[PDB]
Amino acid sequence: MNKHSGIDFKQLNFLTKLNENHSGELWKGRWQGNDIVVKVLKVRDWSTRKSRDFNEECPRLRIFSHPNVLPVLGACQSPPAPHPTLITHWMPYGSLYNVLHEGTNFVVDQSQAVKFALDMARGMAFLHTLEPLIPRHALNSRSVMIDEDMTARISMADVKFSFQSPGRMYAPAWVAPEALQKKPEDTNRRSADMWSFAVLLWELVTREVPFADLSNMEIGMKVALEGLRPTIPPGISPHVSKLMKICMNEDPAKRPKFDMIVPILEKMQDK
């Protein structure tokens, strides 16, 4: 018998569709007394091999041990489900991207932004203790969720699976230059994540989407081959400027570890 049967697709109450795109569909729903989001994955040439791989890759995402990590609650195996499906808790404020760039009601203040930064750094430090690392986990403002008490949480549902096309990057503005060009096995993945955090810091400082005026293909080509970088903002504190520069070091080996920037961010807290 299999160790996990996963979540029973029939037990999902689909309420309202939230989005549909290249990778599949996102629904708000209910399951066993939980308010959830359901990601229905669209996969070309689904196979028994890919289904087996999905079912081996999902259990790693069920991380319940850290406040700044949002677990996958479970997954529907396909077969018997119509499609491979992931379930997570519904996060009332949506993604960090939504809160920073699409917030029509209020603008989060910079004390809250620093708390978001600390939250993300703590969750990333925890994820970087895992052996092996969770593969194909890209950090950007769409893959961080904001919970009901404004806690930022790294979303484990936003990993890419082995059967999802490694050849299509949809958020290159947050990806380290070396990771635009080299296979993950040829990069230090933890160092690449720190670049992404540096871009998150830039986003929290400017309240702008990085390279918003350029297409994704433009961004990746210019960052990889032409040295395009975010411009350090004018008139910010020297301490913040210094932190952003060291996290965005051109040399991956000189970038700090997340567990070294956690105490730095702690000291920039109000409390």
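Each form is matched to the other, and the largest set of C-alpha atoms that superpose within 1.5 Å is called the rigid core. In this text, residue numbers run from 1 along the sequence as written.
After superposing on the rigid core, which of 128-136 and 196-204 has its C-alpha atoms sitting farther from this form in 5 other deposited structures of this protein? Higher root mean square deviation of C-alphas in 5 other deposited structures of this protein is shown by 128-136.
Between stretches 170-178 and 157-165, more displaced by Cα RMS in 5 other deposited structures of this protein (rigid core superposition): Most displaced of the pair in 5 other deposited structures of this protein: 157-165.
Stretch exceeding the other in mean C-alpha B-factor - 200-208, 38-46: In the deposited entry, the stretch with the higher C-alpha B-factor mean is 38-46.
Look over 140-148 and 101-109 in the entry and identify the one with the greater average Cα temperature factor. The stretch with the larger average C-alpha B-factor is 101-109.
Maximum C-alpha temperature factor, selected from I236, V223, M244, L61: Out of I236, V223, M244, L61, the record gives the largest C-alpha B-factor to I236.
Go through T187, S95, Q77, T129 one by one and give the residue whose Cα B-factor in the PDB entry is largest. Comparing C-alpha B-factors across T187, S95, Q77, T129, the maximum falls on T187.
Just say lowest, middle or highest third for the CA B-factor of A253 relative to the other modelled residues in its chain. Highest third of the chain for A253's C-alpha B-factor.
Ranking the modelled residues of this chain by C-alpha B-factor as given in the entry, is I261 in the lowest, middle or highest third? Middle third, going by the recorded CA B-factors of the chain.
Considering only modelled residues of the same chain, in which third does the CA B-factor of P230 rank: lowest, middle or highest? CA B-factor rank for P230: highest third.
Taking the values exactly as deposited, rank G29 by C-alpha B-factor within its chain and report the matching third: lowest, middle or highest. Middle third - that is where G29 ends up once the chain's C-alpha B-factors are sorted.
If you rank the chain by CA B-factor, which third does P71 end up in: lowest, middle or highest? Within its chain, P71 is a lowest-third residue by C-alpha B-factor, going by the deposited values.
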